[PDB]
Amino acid sequence: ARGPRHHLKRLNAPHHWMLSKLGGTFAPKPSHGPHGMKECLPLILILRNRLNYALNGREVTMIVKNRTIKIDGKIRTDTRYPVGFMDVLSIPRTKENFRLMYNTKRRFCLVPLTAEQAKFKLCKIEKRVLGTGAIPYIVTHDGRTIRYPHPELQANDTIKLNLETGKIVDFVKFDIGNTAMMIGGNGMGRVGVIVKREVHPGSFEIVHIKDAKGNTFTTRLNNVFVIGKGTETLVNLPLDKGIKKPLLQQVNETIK
Amino acid sequence: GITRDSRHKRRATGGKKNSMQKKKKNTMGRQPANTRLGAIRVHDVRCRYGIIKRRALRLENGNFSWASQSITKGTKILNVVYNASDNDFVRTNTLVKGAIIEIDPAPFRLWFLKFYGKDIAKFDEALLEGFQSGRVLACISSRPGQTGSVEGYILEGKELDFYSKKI
Amino acid sequence: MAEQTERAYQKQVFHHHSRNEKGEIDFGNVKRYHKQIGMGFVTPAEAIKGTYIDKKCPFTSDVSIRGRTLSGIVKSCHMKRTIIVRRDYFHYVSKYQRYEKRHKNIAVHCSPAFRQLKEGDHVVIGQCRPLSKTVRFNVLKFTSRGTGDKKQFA
Amino acid sequence: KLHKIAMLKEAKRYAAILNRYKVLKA
Amino acid sequence: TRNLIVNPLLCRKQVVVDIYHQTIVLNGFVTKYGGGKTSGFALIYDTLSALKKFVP
RNA sequence: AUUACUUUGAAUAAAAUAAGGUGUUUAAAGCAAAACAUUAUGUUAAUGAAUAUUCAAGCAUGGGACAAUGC
RNA sequence: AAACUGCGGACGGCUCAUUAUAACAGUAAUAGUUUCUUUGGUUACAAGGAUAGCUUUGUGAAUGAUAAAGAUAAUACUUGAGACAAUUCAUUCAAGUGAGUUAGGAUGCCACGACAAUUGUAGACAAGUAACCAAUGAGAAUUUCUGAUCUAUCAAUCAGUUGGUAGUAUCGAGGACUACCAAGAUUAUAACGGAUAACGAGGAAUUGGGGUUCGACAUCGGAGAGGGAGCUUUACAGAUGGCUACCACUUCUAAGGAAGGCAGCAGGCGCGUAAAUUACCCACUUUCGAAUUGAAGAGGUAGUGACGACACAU
């Protein structure tokens with residue numbers, strides 16, 4: 001370990017990729033960029049497995065080096081580009097648009113989108129600091145740096161982005177009556193309404209959230225990602241609509 | 001090379017510390033450069049991550065700041081008169097942080113003439129004596145072995161009495 | 001005057017001159033800097049009124065207090081601005097389903113704000129940056145306890 | 001060009017309208 | 001037969017051949033034990049310009 | 001007032017163990033294949049077991065009987 | 001084609017000698033440090049020499065050996081308009097955060113100083129470049145708390161040792177090092193020693209419950225390349241399929257001299273009760289590179305295989 005690691009063994013790959021343990025000895029290490037190593041899905045994984053457009057890494061290169069895949073509004077030619085959250089994924093040759101969303105099974109699922117709703121994106125602010133020259137800027141969960149923002153854009157809120165222009169369209173305050181989709185631990189993919197926000201002076205903020213079906217659970221403030229205001233979502237949720245069937249129903253529905 | 005790891009020390013219990021690895025570049029130190037007084041002599045040292053450190057082997061001039069008058073001037077360093085760590089630094093005129101040095105207040109006097117119309121050769125009494133004697137007391141506040149320059153400030157009321165009584 | 005007992009001049013990390021009655025910076029004096037640490041810890045009056053100088057005191061310096069926080073009993077107060085804190089805890093041995101008594105000594109830094117701190121007192125400590133080879137904690141509050149005819153103060 | 005105010009005026013477009021909603025502050 | 005994937009990005013159609021007994025490439029064919037059923041996977045490379053371009 | 005105890009969680013790499021589904025002809029396996037749609041169409045945006053662990057520490061929460069330091 | 005320039009060989013592969021709070025596991029901190037890559041942003045109608053491949057003459061038994069001369073290019077090396085940023089110091093006005101004279105602004109000063117004097121006619125669009133912010137980064141590195149096998153025919157151990165101040169060095173805290181000061185630090189709840197046929201963990205074998213024994217070896221972390229030591233390049237190495245010196249070896253030799261490190265894949269000697277082919281290919285997984293194409297004893301396929309596991313003939 002004299003320097004950065006470039007390989008990634010298959011067994012050490014993040015679990016929610018579901019790489020077969022006998023397929024090979026290696027896993028595609030996602031190149032650095034917007035999203036972390038374990039909060040992202042490499043572009044090769046999306047095409048080969050989730051969509052079956054390519055059957056091996058050889059054929060993923062031919063698709064991507066043909067300049068045929070658009071991440072956000074830009075077009076990426078990196079086979080291991082890290083695609084994480086609701087960052088849109090557009091394939092104009094097949095005339096289809098997907099959004100990389102979570103689901104209740106702690107997995108990345110591609111939500112189909114229309115062309116008019118694939119032109120926008122929701123970003124979660126991470127910090128707001130004063131730059132040099134008293135120029136404020138915000139850093140989003142995507143990793144974008146945005147110049148002079150609205151003064152009400154605080155640390156933990158959510159904003160709507162216009163992909164073609166990069167402007168800010170709509171912002172949602174992080175309050176105690178707004179929808180949120182969890183992105184962290186056991187709540188991964190769950191959608192509910194914030195009902196309580198308790199703070200500990202030293203370590204963490206723990207948020208109590210009530211599910212649409214009346215279920216209640218808790219998570220750390222890090223995993224909260226506000227989707228909309230007043231139980232109304234700005235994005236189309238996956239098929240389960242952020243509702244976790246408590247075990248028995250999932251087992252019974254798989255039998256049927 | 002010189003090492004800064006704690007694997008060669010002893011535990012808080014006094015027990016000897018056995019060896020598992022060899023020396024590594026992470027805990028690498030370098031030979032100190034005792035910045036003396038003389039003709040300008042600086043070297044560029046490649047540090048870790050490619051950054052460059054200005055190693056000042058010898059210097060004569062320096063920029064000194066007068067707090068009361070809110071000015072900073074370049075000045076030739078005359079002598080080193082007090083080092084709170086080692087007395088051997090006094091004889092060799094070694095330039096380090098916190099070393100009370102003596103500089104000629106020529107630019108400061110000229111600035112006073114152009115600004116007030118008067119000459120110095122209320123202010124604390126010992127400050128006037130330094131002006132007329134041609135040697136005022138200043139404290140080095142930079143790290144010449146790292147930044148490659150002598151940045152300091154002219155001593156004033158409470159700091160001057162303490163350091164003057166030491167001499 | 002009584003804190004200048006070393007070869008160098010002792011100054012605070014953040015030393016600034018106050019303004020005189022006429023509204024201009026008075027270079028003839030220095031403001032006594034004092035900050036307040038975080039999670040529900042009050043600044044002792046000695047850190048405000050007192051004239052001591054310390055670059056490792058959590059109340060009058062730039063040393064921060066980070067997440068870890070413990071408690072214990074003062075063991076020794078012979079070293080300067082440093083004390084040894086002993087923590088007594090129970091270790092659970094799974095096979096016998098019984099606990100055993102253990103202890104560990106932590107070398108922590110005691111600022112001159114706590115003047116009435118002696119051996120045997122109960123002390124709450126917090127974790128800061130390494131201030132020595134072993135000193136990596138700082139005293140935040142203390143409570144006096146019973147005496148043992150040996151009042152060894154800091 | 002890009003550099004020449006095609007971008008740079010943005011940096012005075014951007015700047016200016018910022019000091020507007022910094023001055024509402026009510 | 002079985003499923004269709006329309007893949008214009010690779011200029012390709014792919015099917016799972018289910019035998020109940022140049023543009024064509026056949027791969028991964030194996031029968032069931034005891035004769036009879038044979039399965040496989042087919043490769044419709046349409047135009048003969050992809051086949052060469054998109055073919056090892 | 002703390003600690004201990006206890007109940008719920010948070011957070012926590014997989015592989016492995018247990019365990020859910022799936023006729024590798026059974027099985028050990030694999031996490032794929034199809035059951036039927038006689039399947040391009042559709043179930044389908046198909047499965048990924050809730051996959052649970054898990055001790056000794058650490059964090060939060062409800063209770064204070066049994067215990068230690070209270071002061 | 002070759003060559004200059006750029007990137008890479010610090011990843012991957014092998015082994016377990018060292019190692020007894022060391023390493024490792026969970027945990028927490030970095031308001032005590034931080035690169036490389038990638039990603040989002042921000043800040044003259046064109047100048048100067050010389051160098052390889054090239055040509056020519058050569059030496060040596062010889063190495064991945066080398067000498068002279070004559071030319072010739074730059075996204076190699078420089079100068080230079082295009083107009084701030086970032087560092088140190090001194091003073092000062094001060095809002096998020098649990099908490100900061102804190103991000104930030106102002107004054108004066110020093111050093112540093114730009115957005116190739118760049119590239120496609122074709123696949124304006126590209127492409128390239130310097131600094132500075134931020135992400136990548138729950139990464140790397142240090143550090144906090146808790147947790148190890150046997151031994152008292154090991155009972156006292158320590159003098160940079162324990163702390164303080166000032167400094168030095170480092171990317172950075174820090175006795176990491178130096179000067180002065182004080183006498184401190186650990187120990188019967190087992191310190192300091194000694195042993196290990198001891199790398200740690202996830203885990204493995206056997207178990208009614210409790211447990212006992214094992215873990216070199218899939219994966220994570222650590223360490224090493226015959227033994228120490230010292231360094232170069234670079235963003236990352238105290239690198240060894242890099243270099244220097246000493247010790248122990250091995251090989252070529254024209255006797256003058258020269259390189260080499262299979263604890264990489266095959267294979268050979270020795271050792272032992274004890275362990276396989278001097279095979280084929282980048283088609284799978286993935287890594288590197290100027291890049292859809294080239295390499296890869298990583299990886300895959302094949303050969304030996306009563307270590308084991310499953311079904312099944314007579």
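Listing for the model above:
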{"read-out": "Gyration tensor verdict on chain C (Cα atoms; rounded if a/c is under 1.5, prolate if a/b is larger than b/c, oblate otherwise)", "value": "prolate"}
{"read-out": "Dipole of the protein assembly as shown [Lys/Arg +1, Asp/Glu -1 at C-beta], most positive-end residue of C:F90, E:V6, A:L221", "value": "E:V6"}
{"read-out": "Per-peptide average of other Cβ atoms within 10 Å, ordering A:126-137, A:160-171 highest first", "value": "A:160-171, A:126-137"}
{"read-out": "Shielding of B:157-166 by partner chains, average beta-carbon count, 10 Å", "value": "3"}
{"read-out": "Sites C:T69 and B:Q21, calculated FRET efficiency, Cβ-Cβ separation with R0 51 Å, nearest 0.05", "value": "0.95"}
{"read-out": "Added length on full extension, which subtracts the Cα-Cα distance from 0.36 nm per residue, B:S65 to B:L113", "value": "15.5 nm"}
{"read-out": "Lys/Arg +1, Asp/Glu -1 at C-beta; chain A dipole; positive extreme among A:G230, A:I138, A:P92", "value": "A:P92"}
{"read-out": "Cα gyration tensor shape for the range A:49-119, rounded if a/c is under 1.5, else prolate or oblate", "value": "oblate"}
{"read-out": "Karplus-derived HN-Hα couplings along the range B:91-104 (A = 6.51, B = -1.76, C = 1.60, θ = phi - 60°), whole Hz, x at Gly and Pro", "value": "5, 7, 6, 7, 9, 9, 4, x, 8, 6, 10, 10, 10, 7"}
{"read-out": "Residue of A:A118, A:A54, A:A180 that the Gaussian network model of chain A assigns the largest fluctuation, springs spanning Cα pairs under 10 Å", "value": "A:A54"}
{"read-out": "For residues of E:4-16, the mean tally of beta carbons on other chains within 10 Å", "value": "4"}
{"read-out": "For peptides C:64-70, B:151-157, sequence by mean Cβ density within 10 Å, most packed first", "value": "B:151-157, C:64-70"}
{"read-out": "Inter-chain Cβ neighbour average for residues C:2-13, partner chain, 10 Å", "value": "3"}
{"read-out": "Between the range C:134-149 and the range A:108-171, the Cα center-to-center distance that results, in Å", "value": "50 Å"}
{"read-out": "Residues with amide H under 5 Å from that of A:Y137, placed H, sequence gap 5 or more", "value": "A:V129, A:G131"}
{"read-out": "Protection-proxy order for peptides A:246-252, C:82-88, each taking the mean of Cβ atoms within 10 Å per residue, highest first", "value": "C:82-88, A:246-252"}
{"read-out": "Spacing of the two label points (7 Å from each Cα toward its C-beta) at B:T13 and B:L128, in nm", "value": "6.6 nm"}
{"read-out": "Zero-based 10 Å bins, Cα pair distances in the protein assembly as shown, whole percents", "value": "2, 9, 13, 17, 18, 16, 12, 7, 3, 1, 0, 0"}
{"read-out": "Rounded, prolate or oblate (a/c below 1.5 giving rounded, otherwise prolate when a/b exceeds b/c) for the range C:78-139 by Cα gyration tensor", "value": "prolate"}
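Here the Cβ is made from the backbone with ideal geometry for all residues, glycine too, and neighbour counts use every protein chain on show. Every number in this text was worked out from the coordinates using simple rules, so none of it is lab data.
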